[PDB]
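Quick one: this structure, given as structure tokens, is what I'll be asking you about.
First chain written, first letter: the chains are A, B, C, D, E, F, G and H, and each begins at residue 1.
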Amino acid sequence: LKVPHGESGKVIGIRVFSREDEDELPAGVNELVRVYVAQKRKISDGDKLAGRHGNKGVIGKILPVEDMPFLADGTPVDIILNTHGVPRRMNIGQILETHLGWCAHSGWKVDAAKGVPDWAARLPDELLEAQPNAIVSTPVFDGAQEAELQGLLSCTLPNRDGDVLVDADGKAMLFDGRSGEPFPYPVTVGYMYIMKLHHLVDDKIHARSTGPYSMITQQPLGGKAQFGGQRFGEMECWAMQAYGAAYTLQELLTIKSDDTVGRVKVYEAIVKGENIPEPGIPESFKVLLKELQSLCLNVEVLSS
Amino acid sequence: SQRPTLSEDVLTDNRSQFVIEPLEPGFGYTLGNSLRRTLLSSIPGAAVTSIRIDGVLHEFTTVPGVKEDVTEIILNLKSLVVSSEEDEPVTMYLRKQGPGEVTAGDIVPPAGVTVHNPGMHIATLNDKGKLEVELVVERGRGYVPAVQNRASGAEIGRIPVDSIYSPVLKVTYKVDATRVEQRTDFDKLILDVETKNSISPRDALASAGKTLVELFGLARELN
Amino acid sequence: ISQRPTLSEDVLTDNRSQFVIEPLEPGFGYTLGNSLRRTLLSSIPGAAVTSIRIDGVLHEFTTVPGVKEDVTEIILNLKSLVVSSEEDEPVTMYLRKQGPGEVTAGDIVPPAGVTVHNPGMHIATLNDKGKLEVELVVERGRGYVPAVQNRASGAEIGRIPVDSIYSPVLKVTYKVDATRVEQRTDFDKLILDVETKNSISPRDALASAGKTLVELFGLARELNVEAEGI
Amino acid sequence: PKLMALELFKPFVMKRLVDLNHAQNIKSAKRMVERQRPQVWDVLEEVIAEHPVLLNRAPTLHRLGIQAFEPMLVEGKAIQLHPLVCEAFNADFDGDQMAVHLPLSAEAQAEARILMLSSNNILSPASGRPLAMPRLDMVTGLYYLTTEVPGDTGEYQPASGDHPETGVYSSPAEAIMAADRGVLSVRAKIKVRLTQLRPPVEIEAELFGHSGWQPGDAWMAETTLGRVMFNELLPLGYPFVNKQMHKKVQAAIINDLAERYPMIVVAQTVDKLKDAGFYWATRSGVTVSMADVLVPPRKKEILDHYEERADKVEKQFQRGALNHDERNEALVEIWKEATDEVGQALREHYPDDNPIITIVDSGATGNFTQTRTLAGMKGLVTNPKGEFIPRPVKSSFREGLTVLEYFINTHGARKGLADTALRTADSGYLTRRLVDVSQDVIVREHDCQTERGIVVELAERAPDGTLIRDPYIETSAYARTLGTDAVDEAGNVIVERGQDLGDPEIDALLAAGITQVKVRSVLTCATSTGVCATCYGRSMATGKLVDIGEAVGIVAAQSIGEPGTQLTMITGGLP
Amino acid sequence: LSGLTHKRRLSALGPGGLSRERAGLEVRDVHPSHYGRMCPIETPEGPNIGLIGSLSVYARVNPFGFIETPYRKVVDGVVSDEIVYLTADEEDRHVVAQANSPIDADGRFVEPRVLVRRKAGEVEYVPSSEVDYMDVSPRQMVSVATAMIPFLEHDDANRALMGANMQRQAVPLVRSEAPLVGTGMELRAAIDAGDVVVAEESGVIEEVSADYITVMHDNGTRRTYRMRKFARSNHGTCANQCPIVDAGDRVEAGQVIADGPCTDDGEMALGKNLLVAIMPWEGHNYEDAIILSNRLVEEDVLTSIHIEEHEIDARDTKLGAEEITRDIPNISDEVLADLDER
Amino acid sequence: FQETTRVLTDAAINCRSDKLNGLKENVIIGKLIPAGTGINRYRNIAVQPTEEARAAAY
Amino acid sequence: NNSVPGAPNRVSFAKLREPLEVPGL
Amino acid sequence: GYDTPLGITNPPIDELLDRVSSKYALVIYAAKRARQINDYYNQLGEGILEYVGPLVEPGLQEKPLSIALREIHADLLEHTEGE
């Protein structure tokens, strides 16, 4: 047994079951041994991410830390989201979630010397004074209203430098990492919860140039684990016909799927500098012949 | 009317402010951004490369007597900061036995290296177990994946660790413009930098300045 | 760390140029490009016109008598004139003609030092029995400065400040291209593009900009002593 | 990704490497490639200089679903792609996966390099109009760049007594420098002096007296720096365009460029325009915030009045004169009117600065109904039976719904999901059958020299007006070959026999006032097998007459079957 | 969370049930009787839409098999603290109030007119006296997965369903962090999940270790809990437990002692907290694409662990029995340099 | 397409010899499709450098 | 009102009280 | 009358169509020449120079098909139609 195509990592443990030691085993077996391989994966390109409001996405590019936009106090952001997808999908809740997350993270202190503001009438008496990295919870169908967020965003505790970053509306002034000059208009920022989906990229990526061939169908195996080639649907044949491309279809159907001698000869020619010889008769056609000749139907060729 | 610039320093506990002026209009932003970009990624440093834990064959396991497994201690050790004077892999030791706590100050560095934050908490030990860990300290710049040691083909007892050679932590700048109609139209740059205490801000600024000078020297030569 | 040296290639055209720097460490593409473009655009000293005068007109609403062109057209034509000066103080210059015909920059009498690098340039045309006298001042500076910054200037009759261009280069553009020096296959390839006036060559403008930038970063380097790669 | 290309070009790399004497034999070369020594990367870069590859998004649907791009090494494990080709595959950058093939023989290389290349297929086969155009985001950037605003900084002003007239720049370079300095907004009224842009015909024929513009001729324009910067992207010689760039204007400009210039120039200008739009989209200042979605100011009074009228009709029903059906009809119509009024008020409230308004009005995406739902009223919602519930929602998503309203609303989403689930399969089956029926249609002969040509009314002449363009001339008679010359009333010939029709020729015919035209058609082809090339007329993807041997049946089947996905409900839908 | 949802799933197909093709399309739609029993939001995205629901938060199965739902009966316009459980038939035959309707602290209805749900699809205001039943909480119709999506009253049905389905596909990270904003049904959904141990009796911990813990009961009986470390999960991910208790603390009964995967101090944590910005950036975030800072990569903020699994067996054959052996014909020593003696 | 047995029998009885015409059969066999670059009008082309090039090639 | 003994403290935007704890899931 | 392109798209397609009758003929008209060029390269070591090498001077290790396409644009080849 060998490691399949596209696996690596440490060997953490080995379990071996022996019939000598009086270990129950399936009938007709003597020694079944299983090996566990553990690999640590770091998030990379081609990985899925999505919040709790159903907004999927993929990592288009991972810029250096020195290139991302940074707040006026030098705090580079960690992720940038597109804006055209928010109003069309109509998931405005995530904007409120980001605002509330920023408010909770920065900590707030609502003024009360002159009395509770009208917008803060229903706030719990113990929720008027928070600390940095505070924790807040909004039960479904019963949470902070728009006025509550408006009031809270106007009383966030200042940074240790003495200045407040975001405005009342929640936007802030950034600085481009490439040009180095501030953007003409403010942008929204905040902390939003991000999960990690199971559709990783390492599982998907796969290549196959030459490898084991099936014995019953004379075709390359299938699947990433078996190191097999990809499928070629009939719609692809229709498309190739549409362009009028003929030799390409001939190769795809004959010289790279079935013809054994064709594969050997073309591989050798590529290894050398010789031109690729023309394909031959696909195995499918010859099998069809030798099978239809079995029904007493004399199928001639008429090469003339 | 026309004077060369001058750089002065305003000092604080660990983060220093640098003031540069007078600069021609519309030119402070680009200079500040260039300095910031060359500061956060091209400052040489040193950091732990690979560890060696006695009685342990790999990283996905534990060790009796400790409260957290190998992965947690590796994550904690990533925060360790060290400065290398020699340009070759040096070796340290960490031997602590019995109940109590193990901190960054329990390492016995060899000559030519130092640990500047003895207050870090690595882990804690129960009386049952002990601990002896050997780690390497190489000098590099930027950031390197841990897998670099995978291809070296060492023995089982070697565990790679990601290396992050960067003493700078945060940098920011603001420009104080003077847009009066007088020919005194200039801008004043206010650059602030903070370091991990491995090196003072002046050293990092000088290194970045030298890097940019050497890089731009290729254009001053007559073409 | 020596790493790998970065050589500056070059391409040639009538008056344009495409200077190429290859290879660069990942991320240094913009770090060079932006600052270099700004330095080239607003660092090189130069000379240009600042204000003009027309005794034949009291203000700017109307046009000078006996001339086909308009006052705004005359200002635009005279602004693009390329003037090189070697004297710091602002010197004057006079243009005078009589009778029908045309006027060219080369016909303007230059005082000592100042010179015009384009004598065949057109300014305007005169009809029969036409005349115009102009007294334009020339000053040396750097970069671009609008006439608004020169609004308050003593008291005169027909002083009409004009937006000057104190720079021999007027256009710059650059990009960044990926390159494969090793398995990293991410190294940047700066591609600069400059188009200067007739008073300087692109390569000498670039050399002066590099000189100025290196002198500027000499302050940063001088604070301490420490070396790096080539 | 390099990890894929290296394993995909293994034989070529081995051959070229053994040629360079980096190994001694083939087995050693294969082993070294397996070990991936640093001596292989250079050969790998050298061996794929001009080797095309074939991409295929699964499942391919139409002709343009299989392109042929030049490979380029890049790190990572994701196959990078060009933004403007995603529409061809109808792909969304959210986990879609596509295969990658590779031609081996020298014949397949030329085939994929000439025919299947991406840059030669800007025009969709359905209609002779380009498909790869600014689609989603860069359009917003172009709209922002070309937008005009009054009373900006540095705008043009007239001579005010003792002060000159400011806002005139010698050349675009000076304007760019001024904008960089910070004394000229990118979008303001200016009077620049262009020198390398042909003026519009209205000014070209006047200022130069039709003598003909050439590079080096100056003329005083009146526009904004953004418009000049945009026009600089267009190919040289194109007349200046000085109007705000709505998506319709973008489509018209792109179509005109495709119908007047070769494909390669169109592709180059499209790439440059996309780059400019991406650069200028970021600085448009388009974001989303609570202060952006603004509640209507006086919605409460309108809602109260409509609820009072609803109560009136409720009492009318309580009298017992009316039945349930009449009550439902009254309620539904009243609430539809109320929703319309609230939407009108909400539109009247928002200024022209909110990001939502800027996005929706610029044709970037969405419609006003979504904005009304997000800010105004969601209104009545569908039911599992399809009839509108008598209970309307009185709140927007911004303010916050209630449990009952959400429970009522879920039905529409469920039904839409089911409808899409069935429609995909219906369209697939219809496309398969349509492809099956017409497999053996091919252009055999160059010309059947037949005379029967179907007559189609080009444009009707109004009894009171002079001429009205037919609303379907774009489809019936746009690319067909003219059967007979459409001689004007006089003896002059405006379009000669055999000359293929087109946008300029259609315009010329419209000018001549001709209404009825006989056009050569394929329905009456006299060819024994297949159809002659002349009858078929101008191709779609080529832009010219079809070439002998080209299959047409497959193209027609794909074109007719592709739009089957959106076909929904004597039914009027796909059935 | 995925395991809990699977345990709470309500299938409608399979043996003894209707097939996909024969099942009508109407059954896949909501019914006015679903309120309080089956969540209308949570549902698979695939073709099995509407055939797989989920119990409500407060739903309990009656001994016969008819789902119930708690209610407090208003006797004479005054709310009753005591609650009863009603089935579908009894619920239809009575008047059910609205939980969100304001109610005075003394149980008096401030509003004379209160909205109400009626027999089927009927809602209309009624005097504040005839009303008989009132709901318990506003969250009485949401599922367990959907109950922990903040600001659910602002999103769309399709978006909410998509988010709920996405929440069941997270991957356990190495260093989890509790969300800054999240409903109050996080810790409760984690304690009942079973993947977190908990003390049975209030005792005092004597010593703790990375592999096992020993708590001393107040009655003098010592007990030990063993925590599996780095054991392959049923779906290929990893599972671990890290005690969050110190030596010499009198831990009360019912207090969490260890945190399993996707947990932080006895509460669910399926992700991290990132600083987001909303703006198109050079088209790299074009059409749902995303851009990430290298700080996440170089700080293991979103680093996960995946454990593979392989097995081989040597089964007897008519031609003989196969045996695993270090030696193997015609193989270089280097290839087998890793195999041991066995 | 359909009813393979009946059509096969009918063709066999008549000894219907059919040329490789059309696409579907020609792709089932594997021979070059008689469309696009497959028509005999283009499959048989002889190209050589013009005599002028050869005279001036060296 | 933290039913469990030592859960983390996170104040909530509570306006209404539920008269019964969530039953065993 | 346009900016010089870069990559495999040089020379352009419309220019070539001016020489060849149709795009479907051009692909073979160039592939056969590429085959001849490859054959000449194969025999470069020793043999008969009947398959005259490239007409236009090649670049630095350019594929034979690129050479064929770049020389066809120079109008240096003659061909017979179908049979």
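As a working rule, a residue touches a chain if its C-beta (ideal position, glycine included) is under 8 Å from a C-beta of that chain, and two chains touch if they have at least 3 such contacts.
If you want to know which protein each chain is, UniProt gives these names: H = DNA-directed RNA polymerase subunit omega.
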item: Between the pairs B-C and A-H, the one where more C-beta pairs touch; value: B-C
item: Farthest chain (mean CA position) relative to subunit H; value: G
item: Whole-Å separation of chain centres (CA-atom averages), subunit D against subunit F; value: 39
item: Centre distance in Å when subunit F and subunit G are each reduced to the mean of their C-alpha atoms; value: 78
item: Centroid spacing, where centroids are CA-atom means, of subunit E and subunit H in whole angstrom; value: 66
item: Euclidean distance of C-alpha centroids - subunit A vs subunit G, Å; value: 36
item: Multi-partner residues of subunit E (at least 2 other chains); value: 100, 138, 153-156, 158, 161, 178, 184-185, 230, 278-281, 286-289, 294, 298, 300, 305
item: Multi-chain contact sites of subunit B, meaning residues that touch two or more partners; value: 25-26, 30, 33-34, 37, 41, 60-61
item: Subunit H: positions in contact with at least two other chains; value: 24, 27-28, 35, 38
item: Pairwise chain contacts, counting only pairs that touch as defined; value: A-B, A-C, A-D, A-E, A-F, A-G, A-H, B-C, B-D, B-E, C-D, D-E, D-F, D-H, E-G, F-H
item: Subunit B - residues contacting subunit A, complex; value: 29-30, 32-34, 36-37, 40-41, 58-61, 170-172, 174, 192
item: Subunit C-facing residues of subunit D, complex; value: 2, 38, 41, 45, 73-75, 159, 161-166, 168-171, 173-174, 176-178, 180-181, 183, 193, 220
item: For the subunit C and subunit A complex, residues of the former touching the latter; value: 26-27, 30, 34
item: Interfacial residue positions of subunit F with respect to subunit A in the complex; value: 8, 12, 17, 23, 27-33, 35-38
item: Of subunit G, residues touching subunit E in the complex; value: 3-8, 10, 12, 16, 18-20, 22-25
